[PDB]
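Following: one structure in structure tokens, then a few remarks.
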Amino acid sequence: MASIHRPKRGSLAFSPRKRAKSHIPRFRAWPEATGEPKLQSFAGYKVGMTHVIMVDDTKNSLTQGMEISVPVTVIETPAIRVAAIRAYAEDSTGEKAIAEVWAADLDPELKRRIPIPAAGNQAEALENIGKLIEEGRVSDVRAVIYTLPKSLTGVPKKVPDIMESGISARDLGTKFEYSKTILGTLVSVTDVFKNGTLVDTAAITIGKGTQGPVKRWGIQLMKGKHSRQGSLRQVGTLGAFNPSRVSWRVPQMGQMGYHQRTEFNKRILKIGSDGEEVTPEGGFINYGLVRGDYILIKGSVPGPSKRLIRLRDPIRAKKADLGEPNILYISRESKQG
Amino acid sequence: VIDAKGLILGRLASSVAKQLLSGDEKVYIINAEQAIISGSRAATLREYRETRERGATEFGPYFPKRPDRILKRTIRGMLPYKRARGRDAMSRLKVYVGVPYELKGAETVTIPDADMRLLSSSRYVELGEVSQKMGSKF
Amino acid sequence: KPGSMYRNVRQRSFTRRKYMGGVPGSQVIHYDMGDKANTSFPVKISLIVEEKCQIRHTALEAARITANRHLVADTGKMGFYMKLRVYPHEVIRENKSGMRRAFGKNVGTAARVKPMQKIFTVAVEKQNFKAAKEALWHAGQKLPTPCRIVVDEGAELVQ
Amino acid sequence: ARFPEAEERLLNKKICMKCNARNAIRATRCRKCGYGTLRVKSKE
Amino acid sequence: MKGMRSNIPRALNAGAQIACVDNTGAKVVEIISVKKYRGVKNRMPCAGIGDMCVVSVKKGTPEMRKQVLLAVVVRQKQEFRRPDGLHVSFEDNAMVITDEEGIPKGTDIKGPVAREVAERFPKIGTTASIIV
Amino acid sequence: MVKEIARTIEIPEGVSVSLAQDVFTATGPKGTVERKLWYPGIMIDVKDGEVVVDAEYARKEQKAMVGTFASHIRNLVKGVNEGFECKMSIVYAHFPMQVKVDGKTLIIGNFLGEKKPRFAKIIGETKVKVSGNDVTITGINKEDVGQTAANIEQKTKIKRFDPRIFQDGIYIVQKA
RNA sequence: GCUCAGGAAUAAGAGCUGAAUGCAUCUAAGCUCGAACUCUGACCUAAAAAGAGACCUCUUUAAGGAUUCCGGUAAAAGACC
RNA sequence: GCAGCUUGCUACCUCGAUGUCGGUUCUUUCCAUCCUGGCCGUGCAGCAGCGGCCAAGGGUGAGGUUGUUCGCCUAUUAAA
RNA sequence: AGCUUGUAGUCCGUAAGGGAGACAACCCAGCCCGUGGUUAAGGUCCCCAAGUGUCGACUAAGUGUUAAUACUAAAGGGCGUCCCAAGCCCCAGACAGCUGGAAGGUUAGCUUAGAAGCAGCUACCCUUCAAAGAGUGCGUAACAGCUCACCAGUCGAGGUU
């Protein structure tokens, strides 16, 4: 038999396609430190999409210098609290948590997530971590941070979300000093990301529940006469006669969406403080209006509205210093029109 | 506590397996990355990448990557590990890359007949080299 | 039709041509090459097969052609004497329905040779020994058996 | 032009007549396959 | 080829009979294949504005008819977006006969051409009376 | 006559050779060099300004290994004593090669008109000098000098065209 | 809308040093390069890894969890938030 | 000599049935590699060929006739 | 052909138990029940009872680690490595490298004006010489420097078929 070839339906790069074990994306890698100390990640909540008219500043592009309409995602980004500093020791079996110091004073609504750590050992915990770093038991340092969604109104929840973030510094001592400076403080998104820079966005995608292989993997439907013989939206064959089994690579029904996904190289087009600049007439549908500080991300982002979106400094960015975008018009017309 | 540095992999495994089946001791093996496999580097790497990428690794053989876990697997192949006796033997065995901190400074032993200087040539590679060429971080 | 077909000896002889019908004639024309009248060649090598096999007349003709060409090129037209000792006496038959009445029809002739049996003998002078040896190696490359060259006369003349 | 010192390294090697591998100018046998006949690389 | 500023959906697939709108003598040409287009299994060759297709002259003069030619689509009913966010659509689909290089066989083009084709092939723009 | 497998290497004055562990180390006026020379069945002794390399057995492998080890010791002592020099020429037809040294690499710009320069790696403490149309490569390690010259010659390879017409490159005219 | 890489180690191959075999030799040791391959690296999943993990906090008739209630960023039942 | 992918030979399994060709859908594997990557030779100036080696990660499509497999033909295509 | 059809012996069929991974018919063995011992076949690094057994060599290919069996790839080749033997040269200095001459012959005859030793068909070409041919090479429209087959000094031991 002389066969016609096709690329495989869907990607096996995301198998098993199960539901994410948490509603928060977890970062498995952190990029290289390339400058002054700072947090490598922030976290906001997706609001919705709008579009801007901007001058194409992208070097070498055909439309560079002319007016272009660019879709943007609005992400409401209230200040996060640096709740703790955690130290990690590297050994043959990998990284292990070795020490943690919690900030002396923490927000009372953190009790919705965890019983509040007391204002106990912070000075001696920090000196213990300093001794550990001096004696070489510490491989690196991360900052445990959490969001404060109570200030938002389109997100109904008041329980904070907690996550670890890397610190970008040239040396472990510099990392420890910066973490001590930022410990217990409220960091704004301008203290993590700058306008016009590329970032990576992680989020839990839109949940679709249980979906068939046609929607879930993009398999072809039965065609022509076969379309009305009783197996229309349904895979042609589960396998060969031998091997006597259904491969895991055969497209099948199952959970669709509500997965963790990372998008790369999303450009920040605006860091705003007043949500009236971006909120349309009538508000964002099912969300409301922006009230705190916000961010405009060029293009689309994984997740629906109100989903927690984690932003991190780019890990596979190609282009060098991009610049500050020239946003000439932010559309606030009614999205419900 | 056996130091696997400069020891033939199969002969050390046979010795430790027979000791475990004699069944009066817990055996610890340290520096598993420093064990020796005789034969040409190309042939050993070829056979080990074949064994690593062989099976139906979604639902088939799962060949380990770390050198200590590979040595544990090699000893497992010389045991009745599906039996209660072999299960106890494998439960009484611990293998380490380098020296674990708790065993640090403990008195070690070496198998004289497993020593690598009894080999007649230089055609050998280390288990750590095999593991890191298969992509194991240790 | 590969020579591996009628190569192994598994059977009795089949040579009495008066009880068979229609054997194709052999392809081998001459059996004595070089200078046939002279016999005072000092060196005399031979090619012996080392397995019990059947050699078809076409294989014999190919080996004879290659050896004769090499000898004529190196030693000259009358610088050598070459003798092909064996004649194709066995009749090779083929089954040309299936396996009913499978006794075959005669398709050719072959020589049934034994281990250490001489196939070709080449007589030359002292200075032509290596050329004869090389030509006979080329001839042995065309035969369906492993072969070896042996010196029959002139061992002290060569070394 | 053609430079002799470049020609010595580029065109002054033998080629195996069965696998085409380059061999030394003095080599009587291919290193890759051991073939006994080697031709000089054809520089014309 | 040179990139266009707009995003063009490949709207016309193989078998479409498009009106030919130059003075070459071809009235209706059927798309046979699309140049520089590699497909996938079961997918018909697709062409949007700015694409060059191999066509067969179905109507027109008898000299043009049954000839395999090259044509460039200059009008398509499927809407396409300019870089500045405005969507453009024509009232019909329309093509013009050209060579491999992009030169039109005709001399005048009745009807408006797309600015995308007018820029990708500058001679189509000069041949056309108006570029929209 | 009697086949002797052992080989002797004279140690010139000012040269201190040691074989602690299984590593040879030669110190001389021009520098110091260290190599690993270990093979089972081969023994090396240093004594009184003279190194002797012998094989316990006498098979062809041991003969080859004693020869190779003696040659390596000779090359190491010669490198620490007088060093090694390798001469290469620069030839081109139409594009003038821009050859320079940027540290531990050699930059070869405009090679056959290319807009991207070639990079040739330098090995060890090998000194490369571009003295106009020629390159001199001096060092204390024959291995390092030979590999630097090989790196240059392979970086200047014309991997596309007919070698009988295109002959641009940097070629060794004298080995170490 | 986003979706280059880089590095390591190699195949064929090209070389360095180098004896057997005074010379020569890419090879017998040794060494450097060398692919859309392999590994690593920017992704997903992964304490049910039986060596069944690390750290911190809170609290030991408590911490906290579930059920009922109003819901939806989730959802076939469960679950999840 | 290899393979067992053509056709034969044979009758060991199945006649208290292992549903028969071709297509379609979907998955996987081999390399004796068509393209894509790296090489070597050339009767290799370049362009482009011809021959061979490594390499199975990806690709290998759309159509007219014919049930076709196969094959013919068409226009694209890096290759179909 | 694990095909078909004979013949002698022995088996399975109807044959346990032990051993070969499993194995109708391959090896031991024909086998009443229980106990003890010693053996057969086969095995003795672990899985697995008993050798990380001894002596002398070979193999570098994970070759192999496969009595018989249809369950184990051929011709050809290898300056891969280990052996035996026989020729020839060799401290009256072999083989390979380091040196120095390849000066008299001929520019041998070759239609077309031109391949004047490498298109080409032929020799006791010098008196004689420790040394120089009717021709081994990137190169010559007709000429050459630059490379050989040769004795010479060289360190100094085996070389070659």
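Naming scheme: A, B, ... for chains in displayed order of the structure tokens; residues 1 onward per chain; ligands 1 onward as shown.
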
For chain G versus chain D, which residues have an atom no more than 12 Å away, and what is each residue's nearest atom pair and distance in Å rounded to one decimal, using only C-alpha atoms (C1' of nucleotides), chain-then-number order, as a tab-separated table?
```
residue	atom	partner	partner_atom	distance
G:12	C1'	D:21	CA	10.9
G:13	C1'	D:21	CA	8.5
G:14	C1'	D:22	CA	9.1
G:15	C1'	D:9	CA	11.3
G:23	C1'	D:26	CA	10.6
G:24	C1'	D:26	CA	6.7
G:25	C1'	D:24	CA	7.0
G:26	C1'	D:31	CA	8.7
G:27	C1'	D:31	CA	8.8
```

Mind dumping the selected residues with N, CA and C atoms (P, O5', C5', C4', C3', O3' and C1' of nucleotides) as a PDB file, in the first residue's frame?
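Final output, result-v2.pdb:
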```pdb
ATOM      1  P     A G  12      32.068   6.959  11.954  1.00  0.00           P
ATOM      2  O5'   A G  12      32.001   7.358  10.416  1.00  0.00           O
ATOM      3  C5'   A G  12      31.195   6.617   9.516  1.00  0.00           C
ATOM      4  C4'   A G  12      30.689   7.476   8.387  1.00  0.00           C
ATOM      5  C3'   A G  12      31.756   8.241   7.627  1.00  0.00           C
ATOM      6  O3'   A G  12      32.440   7.432   6.689  1.00  0.00           O
ATOM      7  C1'   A G  12      29.945   9.676   8.092  1.00  0.00           C
ATOM      8  P     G G  13      34.043   7.445   6.655  1.00  0.00           P
ATOM      9  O5'   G G  13      34.431   8.973   6.432  1.00  0.00           O
ATOM     10  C5'   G G  13      34.084   9.651   5.233  1.00  0.00           C
ATOM     11  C4'   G G  13      34.141  11.149   5.400  1.00  0.00           C
ATOM     12  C3'   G G  13      35.521  11.711   5.679  1.00  0.00           C
ATOM     13  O3'   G G  13      36.297  11.840   4.504  1.00  0.00           O
ATOM     14  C1'   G G  13      33.951  12.687   7.152  1.00  0.00           C
ATOM     15  P     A G  14      37.897  11.741   4.578  1.00  0.00           P
ATOM     16  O5'   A G  14      38.352  13.134   5.199  1.00  0.00           O
ATOM     17  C5'   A G  14      37.997  14.357   4.575  1.00  0.00           C
ATOM     18  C4'   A G  14      38.317  15.544   5.447  1.00  0.00           C
ATOM     19  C3'   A G  14      39.734  15.592   5.980  1.00  0.00           C
ATOM     20  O3'   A G  14      40.655  16.041   5.002  1.00  0.00           O
ATOM     21  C1'   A G  14      38.201  16.171   7.698  1.00  0.00           C
ATOM     22  P     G G  15      42.219  15.721   5.165  1.00  0.00           P
ATOM     23  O5'   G G  15      42.445  15.827   6.735  1.00  0.00           O
ATOM     24  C5'   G G  15      43.722  16.107   7.276  1.00  0.00           C
ATOM     25  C4'   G G  15      43.605  16.959   8.513  1.00  0.00           C
ATOM     26  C3'   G G  15      44.668  16.746   9.573  1.00  0.00           C
ATOM     27  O3'   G G  15      45.880  17.403   9.247  1.00  0.00           O
ATOM     28  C1'   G G  15      42.538  16.849  10.595  1.00  0.00           C
ATOM     29  P     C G  23      61.404   8.035  12.558  1.00  0.00           P
ATOM     30  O5'   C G  23      61.173   8.148  10.985  1.00  0.00           O
ATOM     31  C5'   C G  23      61.899   9.092  10.210  1.00  0.00           C
ATOM     32  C4'   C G  23      61.532   9.020   8.748  1.00  0.00           C
ATOM     33  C3'   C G  23      60.094   9.366   8.387  1.00  0.00           C
ATOM     34  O3'   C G  23      59.870  10.763   8.292  1.00  0.00           O
ATOM     35  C1'   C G  23      60.720   7.368   7.294  1.00  0.00           C
ATOM     36  P     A G  24      58.573  11.438   8.960  1.00  0.00           P
ATOM     37  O5'   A G  24      57.344  10.846   8.131  1.00  0.00           O
ATOM     38  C5'   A G  24      57.179  11.139   6.749  1.00  0.00           C
ATOM     39  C4'   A G  24      56.189  10.203   6.098  1.00  0.00           C
ATOM     40  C3'   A G  24      54.792  10.182   6.704  1.00  0.00           C
ATOM     41  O3'   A G  24      53.960  11.224   6.223  1.00  0.00           O
ATOM     42  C1'   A G  24      55.564   7.971   6.464  1.00  0.00           C
ATOM     43  P     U G  25      52.842  11.882   7.172  1.00  0.00           P
ATOM     44  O5'   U G  25      51.828  10.688   7.470  1.00  0.00           O
ATOM     45  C5'   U G  25      51.051  10.099   6.437  1.00  0.00           C
ATOM     46  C4'   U G  25      50.315   8.878   6.932  1.00  0.00           C
ATOM     47  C3'   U G  25      49.414   9.086   8.139  1.00  0.00           C
ATOM     48  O3'   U G  25      48.148   9.630   7.795  1.00  0.00           O
ATOM     49  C1'   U G  25      50.754   7.178   8.488  1.00  0.00           C
ATOM     50  P     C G  26      47.862  11.210   7.896  1.00  0.00           P
ATOM     51  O5'   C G  26      46.708  11.311   8.989  1.00  0.00           O
ATOM     52  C5'   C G  26      47.003  11.135  10.365  1.00  0.00           C
ATOM     53  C4'   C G  26      45.846  10.521  11.113  1.00  0.00           C
ATOM     54  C3'   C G  26      45.355   9.174  10.600  1.00  0.00           C
ATOM     55  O3'   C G  26      46.119   8.104  11.134  1.00  0.00           O
ATOM     56  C1'   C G  26      43.512  10.638  10.922  1.00  0.00           C
ATOM     57  P     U G  27      46.150   6.656  10.436  1.00  0.00           P
ATOM     58  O5'   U G  27      44.925   5.874  11.091  1.00  0.00           O
ATOM     59  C5'   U G  27      44.912   4.449  11.131  1.00  0.00           C
ATOM     60  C4'   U G  27      44.509   3.930  12.490  1.00  0.00           C
ATOM     61  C3'   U G  27      43.093   4.307  12.941  1.00  0.00           C
ATOM     62  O3'   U G  27      42.555   3.326  13.837  1.00  0.00           O
ATOM     63  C1'   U G  27      44.639   5.172  14.463  1.00  0.00           C
TER      64        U G  27
END
```

- Task: Enumerate as a PyMOL selection string all residues of range 43-142 of chain C assigned to strand (DSSP E or B) by DSSP on the backbone, naming them with the chain letters and numbers the document uses.
- Result: chain C and resi 43-49+53-56+81-84+90-94+105-113+118-124

- Message: Need the shell around residue 101 in chain E: protein/DNA/RNA residues with any atom at most 12 Å away, counting only C-alpha atoms (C1' of nucleotides). Skip same-chain ones fewer than 2 positions apart. Format as a PyMOL selection string?
- Response: chain E and resi 1+35+52+70-72+97-99+103-105+120-124

- Message: as a list in words, please: every residue in range 63-106 of chain B that a backbone DSSP assignment puts in alpha helix (DSSP H).
- Response: residues 67, 68, 69, 70, 71, 72, 73, 74, 75, 76, 84, 85, 86, 87, 88, 89, 90 and 91 of chain B

- Message: Would you pick out the contacts of residue 60 in chain C at 9 Å or less, using only C-alpha atoms (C1' of nucleotides), so that residues sharing its chain but fewer than 4 positions from it are not included, and give the list as an NGL selection string?
- Response: :C and (27-28 or 55-56 or 64-65 or 84 or 88 or 110-111 or 139 or 142-143)

- Note on the structure: Pairwise distance, CA of residue 149 in chain F with CA of residue 131 in chain F, equals 15.2 Å

- Note on the structure: From the list D:34, D:28, D:41, D:15, the nearest residue to chain F using only C-alpha atoms is D:41

- Task: Give me the residues within 6 Å of range 11-18 of chain F as a PyMOL selection string, counting only C-alpha atoms (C1' of nucleotides) and dropping any in the same chain fewer than 6 places off.
- Result: chain F and resi 24-28+49-50

Given the selection you just returned, output its residues as a file containing N, CA, C and O atoms, formatted as a PDB file, in the first residue's frame.
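File produced: selection22.pdb:
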```pdb
ATOM      1  N   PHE F  24      53.282  12.543  33.443  1.00  0.00           N
ATOM      2  CA  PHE F  24      54.575  13.128  33.132  1.00  0.00           C
ATOM      3  C   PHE F  24      54.512  14.646  33.230  1.00  0.00           C
ATOM      4  O   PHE F  24      53.543  15.272  32.789  1.00  0.00           O
ATOM      5  N   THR F  25      55.564  15.237  33.795  1.00  0.00           N
ATOM      6  CA  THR F  25      55.685  16.687  33.897  1.00  0.00           C
ATOM      7  C   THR F  25      57.125  17.069  33.597  1.00  0.00           C
ATOM      8  O   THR F  25      58.040  16.627  34.297  1.00  0.00           O
ATOM      9  N   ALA F  26      57.326  17.890  32.570  1.00  0.00           N
ATOM     10  CA  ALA F  26      58.653  18.343  32.180  1.00  0.00           C
ATOM     11  C   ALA F  26      58.744  19.853  32.343  1.00  0.00           C
ATOM     12  O   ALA F  26      57.932  20.593  31.777  1.00  0.00           O
ATOM     13  N   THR F  27      59.738  20.304  33.102  1.00  0.00           N
ATOM     14  CA  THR F  27      60.002  21.721  33.306  1.00  0.00           C
ATOM     15  C   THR F  27      61.301  22.094  32.608  1.00  0.00           C
ATOM     16  O   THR F  27      62.317  21.412  32.777  1.00  0.00           O
ATOM     17  N   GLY F  28      61.272  23.173  31.834  1.00  0.00           N
ATOM     18  CA  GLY F  28      62.447  23.614  31.127  1.00  0.00           C
ATOM     19  C   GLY F  28      62.572  25.121  31.111  1.00  0.00           C
ATOM     20  O   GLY F  28      61.725  25.844  31.646  1.00  0.00           O
ATOM     21  N   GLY F  49      68.709  12.234  34.742  1.00  0.00           N
ATOM     22  CA  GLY F  49      68.590  12.890  33.450  1.00  0.00           C
ATOM     23  C   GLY F  49      68.397  11.915  32.311  1.00  0.00           C
ATOM     24  O   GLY F  49      68.986  12.090  31.237  1.00  0.00           O
ATOM     25  N   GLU F  50      67.581  10.885  32.523  1.00  0.00           N
ATOM     26  CA  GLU F  50      67.341   9.873  31.499  1.00  0.00           C
ATOM     27  C   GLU F  50      66.089   9.103  31.881  1.00  0.00           C
ATOM     28  O   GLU F  50      66.029   8.521  32.969  1.00  0.00           O
TER      29      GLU F  50
END
```
